[PDB]
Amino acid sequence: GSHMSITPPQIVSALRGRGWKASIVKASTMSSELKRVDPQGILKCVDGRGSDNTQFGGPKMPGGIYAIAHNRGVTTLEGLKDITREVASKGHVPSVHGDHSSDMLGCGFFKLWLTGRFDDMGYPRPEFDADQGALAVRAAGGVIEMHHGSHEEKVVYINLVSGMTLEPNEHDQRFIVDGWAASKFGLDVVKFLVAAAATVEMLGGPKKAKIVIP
């Protein structure tokens, strides 16, 4: 794994510097919501909408496992399958998702990645489309989740409490980003967080974040 080379205060700084409203929240005040990660839960997208998921308690990352492929510059189906098997071996059920309105293009993160919206940040675009990616994840043993309804996120949670997560609430929506999970998968954490912040921004999400720490 890789370590957390950026402090919560710096994260807050960075965000406010991109025009965000941000602050640090102590895990003890969210005691009732922070859930110990359940290994049978799918590692899924930050998306705040309801879905047909029945595998709760997994880590939250942009586009599900796509965040990992994205951060590492992995752009092929074979590489994506390797990541799917890697995730499953490291304690989480790998997933990606789509929705009813746009099918497999229903994951805003992937659509941004596929459409070159990360070009400016120097990211190699995927070399496959949303349909091919979803099917490759499934074929490699992962899950394809399906959301519904519209995006109504009121805030962004950047959870830095390792081994814990927050769950979606379709009636009082929020984006959830498990930053510690990036360390677990040895990702460039700073890059992972900037990418997550950018995703909210480009999707016109709320630029209000709460950084959760022990």
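Just count from 1 along the sequence shown to find any residue number.
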item	value
Mean C-alpha B-factor comparison - 62-70 and 170-178, higher one	170-178
Selected stretch [higher average CA B-factor]: 24-32 or 142-150	24-32
Criterion, highest CA B-factor; candidates, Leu80, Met104, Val93, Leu135	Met104
Cα B factor band for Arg125 (lowest, middle or highest third within the chain)	lowest
Ranked C-alpha temperature factor of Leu193 among modelled chain residues, by third	middle
B-factor third for the C-alpha atom of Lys111 within its chain	middle
